[PDB]
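Everything on this sheet refers to the single structure shown next.
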Amino acid sequence: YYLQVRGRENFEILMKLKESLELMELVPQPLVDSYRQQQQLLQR
Amino acid sequence: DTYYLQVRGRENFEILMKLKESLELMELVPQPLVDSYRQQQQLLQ
Amino acid sequence: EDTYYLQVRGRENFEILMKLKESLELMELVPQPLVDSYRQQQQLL
Amino acid sequence: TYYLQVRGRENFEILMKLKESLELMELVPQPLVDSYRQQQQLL
């Protein structure tokens, strides 16, 4: 999908997020699951 | 000053769109209100 | 809206999330007619 | 480690997912991150 955005700072923020969303897909699921388990102790 | 982004994954697109909306809409908020808002947040975290 | 809390590891991460939290909360302050116009433009863009 | 508050359940869920992607991204081996960035340029 393509997205357009006004403002350089906005673009740079969205670019970092796009990257993190796409990169985390490379993380082995057992590590992702362990991470989420840790979240249960940090947030409701 | 517009930029274009490409993203893979419909969920990913949807999240980014929500943030695009908030970042762009925030631009419409008169600066007095942004200032007051930020002052308030200093006691909250 | 109800209040929620999250913890974040990393200053860089914290700063990004704070910027997004700000935008998500501040968009609530934009008068509805301007939100409507914004959405109107986005449909064309 | 920092903490923030946010108003609204949908806002919380959005931030939580971004928090997850930001924090997990750091587990990706650097050579793999470099490979991904190369891919974004070369294609």
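Ligands are numbered from 1 in the order shown, chains are lettered A, B, ... in the order of the structure tokens, and residues start at 1 in each chain.
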
Can you check which residues of chain D have any atom within 6 Å of chain A? Use only C-alpha atoms and format it as number ranges by chain. D: 21-22, 24-25

Give me, as a ChimeraX atom specification, the contact residues of chain C against chain D at a cut-off of 9 Å, counting only C-alpha atoms. /C:1-11,13-14,17-18,20-22,24-25

Save the residues we just selected, N, CA and C atoms, as a PDB file, in the first residue's frame?
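Writing the result to again-v1.pdb gives the following:
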ATOM      1  N   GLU C   1     -12.999   9.367  27.617  1.00  0.00           N
ATOM      2  CA  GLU C   1     -12.135   8.225  27.348  1.00  0.00           C
ATOM      3  C   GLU C   1     -11.364   7.817  28.602  1.00  0.00           C
ATOM      4  N   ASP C   2     -11.137   6.518  28.750  1.00  0.00           N
ATOM      5  CA  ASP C   2     -10.451   5.991  29.927  1.00  0.00           C
ATOM      6  C   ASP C   2      -8.938   6.113  29.822  1.00  0.00           C
ATOM      7  N   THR C   3      -8.271   6.086  30.969  1.00  0.00           N
ATOM      8  CA  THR C   3      -6.831   6.265  31.012  1.00  0.00           C
ATOM      9  C   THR C   3      -6.118   4.926  31.097  1.00  0.00           C
ATOM     10  N   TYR C   4      -5.067   4.781  30.296  1.00  0.00           N
ATOM     11  CA  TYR C   4      -4.271   3.564  30.235  1.00  0.00           C
ATOM     12  C   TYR C   4      -2.814   3.931  30.380  1.00  0.00           C
ATOM     13  N   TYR C   5      -2.002   2.977  30.829  1.00  0.00           N
ATOM     14  CA  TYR C   5      -0.588   3.225  31.056  1.00  0.00           C
ATOM     15  C   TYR C   5       0.253   2.174  30.372  1.00  0.00           C
ATOM     16  N   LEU C   6       1.330   2.605  29.738  1.00  0.00           N
ATOM     17  CA  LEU C   6       2.271   1.632  29.195  1.00  0.00           C
ATOM     18  C   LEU C   6       3.695   2.044  29.510  1.00  0.00           C
ATOM     19  N   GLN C   7       4.563   1.051  29.625  1.00  0.00           N
ATOM     20  CA  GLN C   7       5.960   1.289  29.951  1.00  0.00           C
ATOM     21  C   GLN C   7       6.772   1.038  28.695  1.00  0.00           C
ATOM     22  N   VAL C   8       7.844   1.798  28.504  1.00  0.00           N
ATOM     23  CA  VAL C   8       8.637   1.682  27.286  1.00  0.00           C
ATOM     24  C   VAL C   8      10.131   1.644  27.605  1.00  0.00           C
ATOM     25  N   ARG C   9      10.847   0.729  26.960  1.00  0.00           N
ATOM     26  CA  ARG C   9      12.292   0.636  27.129  1.00  0.00           C
ATOM     27  C   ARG C   9      12.995   1.360  25.988  1.00  0.00           C
ATOM     28  N   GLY C  10      13.809   2.353  26.337  1.00  0.00           N
ATOM     29  CA  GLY C  10      14.546   3.125  25.351  1.00  0.00           C
ATOM     30  C   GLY C  10      14.046   4.556  25.259  1.00  0.00           C
ATOM     31  N   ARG C  11      14.958   5.517  25.376  1.00  0.00           N
ATOM     32  CA  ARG C  11      14.586   6.925  25.331  1.00  0.00           C
ATOM     33  C   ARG C  11      14.079   7.293  23.945  1.00  0.00           C
ATOM     34  N   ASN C  13      12.695   5.322  21.757  1.00  0.00           N
ATOM     35  CA  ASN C  13      11.368   4.724  21.663  1.00  0.00           C
ATOM     36  C   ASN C  13      10.332   5.550  22.429  1.00  0.00           C
ATOM     37  N   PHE C  14      10.679   5.929  23.653  1.00  0.00           N
ATOM     38  CA  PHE C  14       9.798   6.746  24.478  1.00  0.00           C
ATOM     39  C   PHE C  14       9.436   8.049  23.785  1.00  0.00           C
ATOM     40  N   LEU C  17       6.980   7.449  20.875  1.00  0.00           N
ATOM     41  CA  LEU C  17       5.655   7.148  21.406  1.00  0.00           C
ATOM     42  C   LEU C  17       4.977   8.371  22.032  1.00  0.00           C
ATOM     43  N   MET C  18       5.752   9.219  22.710  1.00  0.00           N
ATOM     44  CA  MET C  18       5.212  10.442  23.281  1.00  0.00           C
ATOM     45  C   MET C  18       4.668  11.373  22.180  1.00  0.00           C
ATOM     46  N   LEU C  20       3.507  10.429  19.263  1.00  0.00           N
ATOM     47  CA  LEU C  20       2.272   9.829  18.774  1.00  0.00           C
ATOM     48  C   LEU C  20       1.142   9.953  19.781  1.00  0.00           C
ATOM     49  N   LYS C  21       1.459   9.810  21.062  1.00  0.00           N
ATOM     50  CA  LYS C  21       0.447   9.981  22.085  1.00  0.00           C
ATOM     51  C   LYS C  21      -0.103  11.407  22.003  1.00  0.00           C
ATOM     52  N   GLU C  22       0.803  12.364  21.853  1.00  0.00           N
ATOM     53  CA  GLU C  22       0.409  13.760  21.727  1.00  0.00           C
ATOM     54  C   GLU C  22      -0.535  13.968  20.536  1.00  0.00           C
ATOM     55  N   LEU C  24      -2.408  11.786  18.930  1.00  0.00           N
ATOM     56  CA  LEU C  24      -3.668  11.066  19.092  1.00  0.00           C
ATOM     57  C   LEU C  24      -4.602  11.795  20.049  1.00  0.00           C
ATOM     58  N   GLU C  25      -4.030  12.407  21.075  1.00  0.00           N
ATOM     59  CA  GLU C  25      -4.830  13.115  22.059  1.00  0.00           C
ATOM     60  C   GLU C  25      -5.245  14.499  21.554  1.00  0.00           C
TER      61      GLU C  25
END

Return as a ChimeraX atom specification the residues belonging to chain B that are within 7 Å of chain A, counting only C-alpha atoms. /B:1-8,12-13,16,20,23-24

Output as a PyMOL selection string all residues of chain C that backbone DSSP marks as helix (DSSP H, G or I). chain C and resi 11-29+32-44

Export, as a CSV table (one decimal), in the first residue's frame, the selected residues with N, CA, C and O atoms.
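Contents of out-v1.csv, as written:
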chain,number,residue,atom,x,y,z
C,11,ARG,N,15.0,5.5,25.4
C,11,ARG,CA,14.6,6.9,25.3
C,11,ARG,C,14.1,7.3,23.9
C,11,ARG,O,13.1,8.0,23.8
C,12,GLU,N,14.8,6.8,22.9
C,12,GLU,CA,14.4,7.1,21.5
C,12,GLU,C,13.0,6.5,21.3
C,12,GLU,O,12.1,7.2,20.7
C,13,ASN,N,12.7,5.3,21.8
C,13,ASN,CA,11.4,4.7,21.7
C,13,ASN,C,10.3,5.5,22.4
C,13,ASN,O,9.2,5.8,21.9
C,14,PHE,N,10.7,5.9,23.7
C,14,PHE,CA,9.8,6.7,24.5
C,14,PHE,C,9.4,8.0,23.8
C,14,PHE,O,8.3,8.5,23.8
C,15,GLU,N,10.4,8.7,23.2
C,15,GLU,CA,10.2,10.0,22.5
C,15,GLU,C,9.3,9.9,21.3
C,15,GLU,O,8.4,10.7,21.1
C,16,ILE,N,9.4,8.8,20.6
C,16,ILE,CA,8.6,8.6,19.4
C,16,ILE,C,7.1,8.3,19.9
C,16,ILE,O,6.2,9.0,19.4
C,17,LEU,N,7.0,7.4,20.9
C,17,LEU,CA,5.7,7.1,21.4
C,17,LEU,C,5.0,8.4,22.0
C,17,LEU,O,3.8,8.5,21.9
C,18,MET,N,5.8,9.2,22.7
C,18,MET,CA,5.2,10.4,23.3
C,18,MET,C,4.7,11.4,22.2
C,18,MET,O,3.6,12.0,22.3
C,19,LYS,N,5.4,11.5,21.1
C,19,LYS,CA,4.9,12.3,19.9
C,19,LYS,C,3.6,11.8,19.4
C,19,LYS,O,2.7,12.5,19.0
C,20,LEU,N,3.5,10.4,19.3
C,20,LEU,CA,2.3,9.8,18.8
C,20,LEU,C,1.1,10.0,19.8
C,20,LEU,O,0.0,10.2,19.4
C,21,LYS,N,1.5,9.8,21.1
C,21,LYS,CA,0.4,10.0,22.1
C,21,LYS,C,-0.1,11.4,22.0
C,21,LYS,O,-1.3,11.6,22.1
C,22,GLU,N,0.8,12.4,21.9
C,22,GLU,CA,0.4,13.8,21.7
C,22,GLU,C,-0.5,14.0,20.5
C,22,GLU,O,-1.6,14.6,20.7
C,23,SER,N,-0.2,13.4,19.4
C,23,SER,CA,-1.0,13.6,18.2
C,23,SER,C,-2.4,13.0,18.4
C,23,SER,O,-3.4,13.6,18.0
C,24,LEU,N,-2.4,11.8,18.9
C,24,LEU,CA,-3.7,11.1,19.1
C,24,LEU,C,-4.6,11.8,20.0
C,24,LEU,O,-5.8,11.8,19.9
C,25,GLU,N,-4.0,12.4,21.1
C,25,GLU,CA,-4.8,13.1,22.1
C,25,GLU,C,-5.2,14.5,21.6
C,25,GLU,O,-6.4,14.9,21.7
C,26,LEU,N,-4.3,15.2,20.9
C,26,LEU,CA,-4.6,16.6,20.4
C,26,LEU,C,-5.6,16.6,19.2
C,26,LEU,O,-6.3,17.6,19.0
C,27,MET,N,-5.6,15.5,18.5
C,27,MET,CA,-6.6,15.6,17.3
C,27,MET,C,-8.0,15.8,17.8
C,27,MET,O,-8.9,16.2,17.1
C,28,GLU,N,-8.2,15.4,19.1
C,28,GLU,CA,-9.5,15.5,19.7
C,28,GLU,C,-9.9,17.0,19.9
C,28,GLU,O,-11.1,17.3,20.1
C,29,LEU,N,-9.0,17.9,19.8
C,29,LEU,CA,-9.2,19.3,20.0
C,29,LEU,C,-9.5,20.0,18.7
C,29,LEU,O,-9.9,21.2,18.7
C,32,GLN,N,-14.8,19.9,14.6
C,32,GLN,CA,-15.2,18.9,13.7
C,32,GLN,C,-15.3,19.4,12.2
C,32,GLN,O,-15.0,18.6,11.3
C,33,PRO,N,-15.8,20.6,11.9
C,33,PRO,CA,-15.8,21.0,10.5
C,33,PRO,C,-14.4,20.9,9.8
C,33,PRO,O,-14.4,20.7,8.6
C,34,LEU,N,-13.3,21.2,10.6
C,34,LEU,CA,-12.0,21.1,10.0
C,34,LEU,C,-11.6,19.7,9.8
C,34,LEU,O,-10.9,19.3,8.8
C,35,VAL,N,-12.0,18.8,10.7
C,35,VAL,CA,-11.7,17.4,10.6
C,35,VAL,C,-12.4,16.9,9.3
C,35,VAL,O,-11.9,16.2,8.5
C,36,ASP,N,-13.7,17.3,9.2
C,36,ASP,CA,-14.5,16.9,8.0
C,36,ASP,C,-13.8,17.4,6.7
C,36,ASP,O,-13.7,16.6,5.7
C,37,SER,N,-13.4,18.6,6.6
C,37,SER,CA,-12.6,19.1,5.5
C,37,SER,C,-11.4,18.4,5.2
C,37,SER,O,-11.0,18.1,4.1
C,38,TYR,N,-10.6,18.1,6.3
C,38,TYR,CA,-9.4,17.3,6.1
C,38,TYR,C,-9.7,16.0,5.5
C,38,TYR,O,-8.9,15.5,4.6
C,39,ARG,N,-10.7,15.3,6.0
C,39,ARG,CA,-11.0,14.0,5.4
C,39,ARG,C,-11.5,14.1,4.0
C,39,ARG,O,-11.2,13.3,3.2
C,40,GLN,N,-12.2,15.2,3.7
C,40,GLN,CA,-12.6,15.5,2.3
C,40,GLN,C,-11.4,15.6,1.4
C,40,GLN,O,-11.4,15.0,0.3
C,41,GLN,N,-10.4,16.3,1.8
C,41,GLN,CA,-9.1,16.5,1.0
C,41,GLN,C,-8.4,15.2,0.9
C,41,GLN,O,-7.9,14.9,-0.2
C,42,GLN,N,-8.3,14.4,1.9
C,42,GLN,CA,-7.6,13.1,1.9
C,42,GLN,C,-8.2,12.1,0.9
C,42,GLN,O,-7.5,11.4,0.2
C,43,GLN,N,-9.5,12.2,0.7
C,43,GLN,CA,-10.2,11.4,-0.3
C,43,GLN,C,-9.7,11.7,-1.7
C,43,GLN,O,-9.6,10.8,-2.5
C,44,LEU,N,-9.4,13.0,-1.9
C,44,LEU,CA,-9.0,13.4,-3.2
C,44,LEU,C,-7.5,13.2,-3.4
C,44,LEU,O,-7.0,12.9,-4.5

Hey, which bits of chain B sit within 8 Å of chain C, and for each residue what's the closest pair of atoms and how far apart in Å (one decimal), counting only C-alpha atoms, rows by chain and increasing number, as JSON lines?
{"residue": "B:19", "atom": "CA", "partner": "C:20", "partner_atom": "CA", "distance": 7.1}
{"residue": "B:22", "atom": "CA", "partner": "C:23", "partner_atom": "CA", "distance": 5.1}
{"residue": "B:23", "atom": "CA", "partner": "C:23", "partner_atom": "CA", "distance": 5.3}
{"residue": "B:25", "atom": "CA", "partner": "C:27", "partner_atom": "CA", "distance": 5.6}
{"residue": "B:26", "atom": "CA", "partner": "C:27", "partner_atom": "CA", "distance": 5.1}
{"residue": "B:28", "atom": "CA", "partner": "C:30", "partner_atom": "CA", "distance": 6.4}
{"residue": "B:29", "atom": "CA", "partner": "C:30", "partner_atom": "CA", "distance": 5.7}
{"residue": "B:34", "atom": "CA", "partner": "C:26", "partner_atom": "CA", "distance": 7.3}
{"residue": "B:37", "atom": "CA", "partner": "C:26", "partner_atom": "CA", "distance": 7.9}

Filtering to N, CA and C atoms, could you give me those residues as a tab-separated table (two decimals), in the first residue's frame?
chain	number	residue	atom	x	y	z
B	19	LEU	N	-2.11	6.99	12.29
B	19	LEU	CA	-1.11	7.92	12.78
B	19	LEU	C	-0.89	9.09	11.84
B	22	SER	N	-3.57	11.47	12.67
B	22	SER	CA	-3.41	12.23	13.92
B	22	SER	C	-2.31	13.28	13.82
B	23	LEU	N	-1.23	12.92	13.14
B	23	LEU	CA	-0.10	13.82	12.96
B	23	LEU	C	-0.50	15.02	12.10
B	25	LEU	N	-3.69	16.10	11.57
B	25	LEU	CA	-4.77	16.85	12.22
B	25	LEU	C	-4.24	17.71	13.36
B	26	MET	N	-3.24	17.19	14.06
B	26	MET	CA	-2.61	17.92	15.15
B	26	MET	C	-2.12	19.28	14.66
B	28	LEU	N	-3.64	21.25	12.83
B	28	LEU	CA	-4.75	22.20	12.80
B	28	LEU	C	-5.04	22.79	14.18
B	29	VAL	N	-4.46	22.20	15.22
B	29	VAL	CA	-4.72	22.67	16.58
B	29	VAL	C	-3.98	23.97	16.85
B	34	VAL	N	-2.00	23.55	22.19
B	34	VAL	CA	-0.91	22.58	22.24
B	34	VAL	C	-0.01	22.87	23.44
B	37	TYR	N	-1.78	21.97	26.66
B	37	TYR	CA	-1.80	20.52	26.71
B	37	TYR	C	-0.47	19.98	27.25

What does the distance between atom CA of residue 40 of chain D and atom CA of residue 9 of chain B come to in Å, to one decimal place?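 These atoms are spaced 14.9 Å apart.
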